[PDB]
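Chains as they are written, first to last, in the entry's author numbering: chain d, 2 to 200; chain h, 3 to 132; chain l, 2 to 135; chain e, 11 to 166; chain q, 4 to 83; chain p, 3 to 89.
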RNA sequence: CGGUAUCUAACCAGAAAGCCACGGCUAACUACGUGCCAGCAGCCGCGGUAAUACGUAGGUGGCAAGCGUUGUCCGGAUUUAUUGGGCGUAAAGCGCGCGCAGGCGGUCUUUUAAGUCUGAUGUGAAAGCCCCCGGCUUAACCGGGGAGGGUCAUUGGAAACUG
RNA sequence: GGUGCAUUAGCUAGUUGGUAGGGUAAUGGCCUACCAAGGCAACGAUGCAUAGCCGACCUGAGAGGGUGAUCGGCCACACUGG
Ligand SMILES: [Mg+2]
Ligand SMILES: [Mg+2]
Ligand SMILES: [Mg+2]
Ligand SMILES: [Mg+2]
Ligand SMILES: [Mg+2]
Ligand SMILES: [Mg+2]
Ligand SMILES: [Mg+2]
Ligand SMILES: [Mg+2]
Ligand SMILES: [Mg+2]
Ligand SMILES: [Mg+2]
Ligand SMILES: [Mg+2]
Ligand SMILES: [Mg+2]
Ligand SMILES: [Mg+2]
Ligand SMILES: [Mg+2]
Ligand SMILES: [Mg+2]
Ligand SMILES: [Mg+2]
Ligand SMILES: [Mg+2]
Ligand SMILES: [Mg+2]
Ligand SMILES: [Mg+2]
Ligand SMILES: [Mg+2]
Ligand SMILES: [Mg+2]
Ligand SMILES: [Mg+2]
Ligand SMILES: [Mg+2]
Ligand SMILES: [Mg+2]
Ligand SMILES: [Mg+2]
Ligand SMILES: [Mg+2]
Ligand SMILES: [Mg+2]
Ligand SMILES: [Mg+2]
Ligand SMILES: [Mg+2]
Ligand SMILES: [Mg+2]
Ligand SMILES: [Mg+2]
Ligand SMILES: [Mg+2]
Ligand SMILES: [Mg+2]
Ligand SMILES: [Mg+2]
Ligand SMILES: [Mg+2]
Ligand SMILES: [Mg+2]
Ligand SMILES: [Mg+2]
Ligand SMILES: [Mg+2]
Ligand SMILES: [Mg+2]
Ligand SMILES: [Mg+2]
Ligand SMILES: [Mg+2]
Ligand SMILES: [Mg+2]
Ligand SMILES: [Mg+2]
Ligand SMILES: [Mg+2]
Ligand SMILES: [Mg+2]
Ligand SMILES: [Mg+2]
């Protein structure tokens, strides 16, 4: 991926349990390093905006320049800026693979997309940043097929969001309709990232 | 001297600040047109034309809302003798984001912003009032 | 002013001079003239070295140098880092940037781009001072 | 309820024959996201006491902000003292763009889409006073329609 | 057919032979302020035989180059 | 005056414009009036052409090239030009 | 070009991470060494024995096959202010008058269309910004259509305002 | 229609116009003889300095500011001068 370091470190510093359910924050919820269990300090507006940017960036696991380019392209759309930015972030192939049950984290989905183990409309895709559209399907092209990892991922995969429909008999998933901000993270404040990029 | 319409606007502004109720000044065609427009949009209460054998005068009663609220909160002059301003049909401005009005003299006489943009005609903008 | 006063004579800006004039021109030997060409770095030949004292309240000695540039300009540059391998009649690469401590010094010396050497025993900020990874 | 935020604290002095005496003056902006906001100043030998006094002062001079469609109805300019603040409406989802004190007062007021510019001095108290003064001459379509004796559809 | 440019101006100098000088004035917006400014340009016109007198408004029309700097001919004299 | 074929697009990916221009001008330089497109990469060739200005230029003395002649023949401009000459 | 793009099989976590910064502006601190020396530095300025600012170690923050420094331009700068500043005391009213050119000009009527406003015709190449569609596994990139841009020439209209 | 200087105020004499002629694909002091003393200029003539021009590129909320890399159109040059 972009970054192969420890995953509990970034979540502990950020304050939220991204890519999991509190299991990274079960113990010592303070920031990493030797400082953070000792004391804290004040937070300014710049700190809050940077924190929200990090929330998004390390939640979706994509680099900074591509993040800003996606924000700029989302600005081209019509509607509220942050909502469009988030919903275009939700169009990522990695996000669809992860939330569809074929994996468990963002890293697993990214690697499983890099090797081409999935396919859209019978076309092998090695691009994690591929933007899925309405009616596009996914599959496994019988590469992993009877693989232990995908079976385990489908076992422990919570549930499926209502904006995507997936059946496990043929491992087929497709976007029902466009997701809304209502069915999204909501641990973040999307109103601050636009201001942060506005300075 | 130079500009009588600016004197008109300044007279209403001063009387409004002093909370005066009545104002009188010498009359003309354009002055009567401006007074009639202001009466139509209800900025003023009433206007009379008193006949005197020099030019005639116009008398306007300033209107105030309940609890002594000023109906007219500002008048600005746009076209000046030293710099005239002309606006096209698609360039007419909205005063105070539609809360106020503007006066424009077009080929069909003196109108407001709504009338000018309804007929797709342009002229010269005289003043903003809000 | 009035609009007529503005049409009679228009507004004018203020010409802002630069900070590093010696980097803003080159020399033509055929015409023996000076031309306006701006450059990020230049190279020159040392003439003398020494250490002068700053103004109040500072008192520590600072390492400087005097250089003739490619255009024959008497330029006083500063030597960063700890220790140096500089002396008279040496080729040096001068770079922009002035120091407030010395009233006359206006330029820095790049370490590791020419006859000038790097800094020994440097672990942090290694890109500057011209030290390679150990 | 009422949420408060601290803007600035300044240590002021006064000369006596025995030396000097210092004390802290704190500026605090209070408000709730319903559309009510205010500002206050406090002075004390200790910073928390100054903050508490500033909060108590700010609780006594509250104002109201028209926030139709989560946006200022029209552009306005404040003129208090040597400070100047220009507020103008912004599109939905544009966030808030303002200076420090102006950002604080606008965020506590409740608005979400507005863009402002500072055209004068940067002293925080004068900036806050200019922002409040500019908020004073805001308008609502219903109020001006009632003033002019007509309906909103006729006016808009 | 086509048409030629016509200019209405005032005679300034008529002391040449069979030709005069005419000033044409027009207004224009400024580059940055948009104010009217007078703009007078002098052309040379050709008459039949020394008819026009100084300070008489005349209309002149475009034509071929008759001389070194002479590109207009007198169309008529409106008044004095 | 020839109804020529101008090349643009990208490396190893050419696309062509059927355009009329003078033989003394650069291939990608000045031209008179573009009339069509020609895409070679697709196995079935997609050629769009006005078929009305082309006949006017042919009448006025605009000799095409070999491939432009082939395209006009396949699209029927050459046969219609012969018919117009006969009629 | 060229056995080139592409595709098919077997093996391999193995052959692939660095730079700057951490007192405030500005995101991120502990210890040791030094002692107005060595030195840092865009500014406020730090260094005289308890240094979060000098060098190193540990830690943390930003970016990423890139990261820092310098040079030039625009912004912030309303710091030439038409949009958008001023002249009692901070820089800024000539010592005063007579007056050519120039700038501006009380009220009403008729008339002209120079200014003003508007319709139609021609033109403002291609490529570029922008909008909608597509093609390359995505993107960069490429293709199609559309839109924008003039105190532009011909000509038909209205006469409130300036002339 | 698109630049800096007034601490650069007068410049010009085939110049300004006419009568005939020669020359060119074509009009034209483009050239010749003759006749008169004209012409341009504070709406900046003349002079000094810098500079190929545009579609366009960078920035900017916009008005504006800076530049003429790649590509397209026009112009000038080919060691210097004829
Ligand atoms: Mg938009
Ligand atoms: Mg350092
Ligand atoms: Mg008080
Ligand atoms: Mg003719
Ligand atoms: Mg061929
Ligand atoms: Mg080979
Ligand atoms: Mg191959
Ligand atoms: Mg093998
Ligand atoms: Mg092996
Ligand atoms: Mg291997
Ligand atoms: Mg393996
Ligand atoms: Mg490995
Ligand atoms: Mg590597
Ligand atoms: Mg240190
Ligand atoms: Mg380290
Ligand atoms: Mg790190
Ligand atoms: Mg910006
Ligand atoms: Mg500016
Ligand atoms: Mg002004
Ligand atoms: Mg000022
Ligand atoms: Mg004054
Ligand atoms: Mg003074
Ligand atoms: Mg005086
Ligand atoms: Mg004085
Ligand atoms: Mg005087
Ligand atoms: Mg005068
Ligand atoms: Mg008049
Ligand atoms: Mg075009
Ligand atoms: Mg091109
Ligand atoms: Mg596509
Ligand atoms: Mg493109
Ligand atoms: Mg295109
Ligand atoms: Mg196109
Ligand atoms: Mg457009
Ligand atoms: Mg009339
Ligand atoms: Mg231009
Ligand atoms: Mg230019
Ligand atoms: Mg002849
Ligand atoms: Mg040159
Ligand atoms: Mg570019
Ligand atoms: Mg700006
Ligand atoms: Mg360029
Ligand atoms: Mg080149
Ligand atoms: Mg070119
Ligand atoms: Mg050559
Ligand atoms: Mg040579």
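For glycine and all other residues, C-beta sits at the position ideal for the given N, C-alpha and C.
Beyond the five residues adjoining it in sequence on each side, residue 99 of chain e comes within less than 6 Å, by CB distance, of 81, 82 in the same chain, given in chain order. Residue 40 of chain e and residue 118 of chain e do touch by the CB rule: their CB atoms are close to 7 Å apart, below 8 Å. Under the 9 Å criterion on CB atoms, residue 68 of chain d is classed as non-interfacial with respect to chain e.
Counting only Cβ-Cβ distances below 7 Å, residue 84 of chain e has contacts in chain h at 98, 99, 101, in chain order.
At a threshold of 8 Å, residue 25 of chain p does not count as near ligand 5, since its beta carbon sits no closer than that to any of the ligand's heavy atoms. The Cβ atoms of residue 56 of chain q and residue 27 of chain q lie no closer than 9 Å to each other. For residue 174 of chain d, the closest of d/136, d/116, d/35 by C-alpha to C-alpha distance is d/136. Cβ-Cβ distances below 8 Å link residue 97 of chain h to 103, 104, 115, 130, 131, 132 in the same chain, with the five nearest sequence neighbours on each side left out; the list follows chain order. For a Cβ distance threshold of 8 Å, nothing in chain h lies close to residue 73 of chain q: the least Cβ distance comes to about 38 Å. In the displayed model, residue 109 of chain l falls within a strand according to three-state DSSP. Cβ atoms of residue 23 of chain p and residue 4 of chain p come within 8 Å of each other, at about 7 Å.
When DSSP states are grouped into helix, strand and coil, residue 68 of chain h belongs to the coil group. Setting aside the 5 residues that flank it on each side, residue 88 of chain d is surrounded in the same chain by 179, 180, each with a C-beta closer than 7 Å to its C-beta; the list follows chain order. Among the residues facing chain h, residue 134 of chain e is not included, as its CB has no counterpart in that chain under 9 Å away. Residue-level contact check: residue 38 of chain q touches chain h, since one or more beta carbons of chain h fall below 9 Å from its beta carbon. When 7 Å is used as the limit between beta carbons, residue 73 of chain h is near these residues of chain e: 157, 158, in chain order.
With a cut-off of 8 Å on Cβ pairs, the stretch 126-136 of chain e is not in contact with the stretch 68-78 of chain e, counting fewer than three such pairs.
In the pairwise beta carbon analysis, the stretch 48-59 of chain h is classified as not touching the stretch 14-24 of chain h: fewer than three pairs are separated by under 8 Å. At a cut-off of 9 Å between beta carbons, residue 79 of chain h makes no contact with chain q. Collapsing the DSSP output to three states places residue 74 of chain h in coil. For residue 12 of chain d, the enclosing alpha helix (DSSP H) begins and ends at 8-15.
For residue 171 of chain d, the closest alpha carbon among the candidates d/19, d/154, d/93, d/139 is that of d/139. Between the stretch 37-55 of chain d and the stretch 154-161 of chain d, the count of Cβ pairs shorter than 8 Å is below three; the stretches do not touch.
For residue 188 of chain d, none of the residues of chain e pass the 7 Å Cβ criterion, the least Cβ distance being about 19 Å. Residue 89 of chain l and residue 48 of chain l do touch by the CB rule: their CB atoms are close to 6 Å apart, below 8 Å.
Within chain h, the C-beta atoms nearer than 8 Å to that of residue 154 of chain e come from 101, in chain order.
For residue 15 of chain d and residue 58 of chain d, the gap between their C-alpha atoms comes out near 11 Å. Contact between the stretch 36-48 of chain h and the stretch 156-164 of chain e is present: three or more C-beta pairs spanning the two stretches fall below 8 Å. Taking non-hydrogen atoms of ligand 2 into account, the C-beta of residue 145 of chain d is found less than 8 Å away from none of them. A residue is called buried when at least 16 other Cβ atoms come within 10 angstroms of its Cβ; residue 73 of chain p meets this threshold and is buried. Exposed is the label assigned to residue 68 of chain h, since fewer than 16 other Cβ atoms lie within 10 Å of its Cβ. Sequence-distant Cβ neighbours of residue 11 of chain h in its own chain, meaning closer than 7 Å and more than five residues away, are 77, 79, 129. Residue contact check for residue 70 of chain h against chain e: no CB pair falls below 9 Å.
Counting the other CB atoms within 10 Å of its CB gives residue 129 of chain e a total below 16, which places it among the exposed residues. Cβ proximity to chain e below 8 Å picks out 43, 44 from the stretch 31-44 of chain h. Chain-ordered, the chain q residues with CB closer than 9 Å to the CB of residue 85 of chain h read 36, 37, 38.
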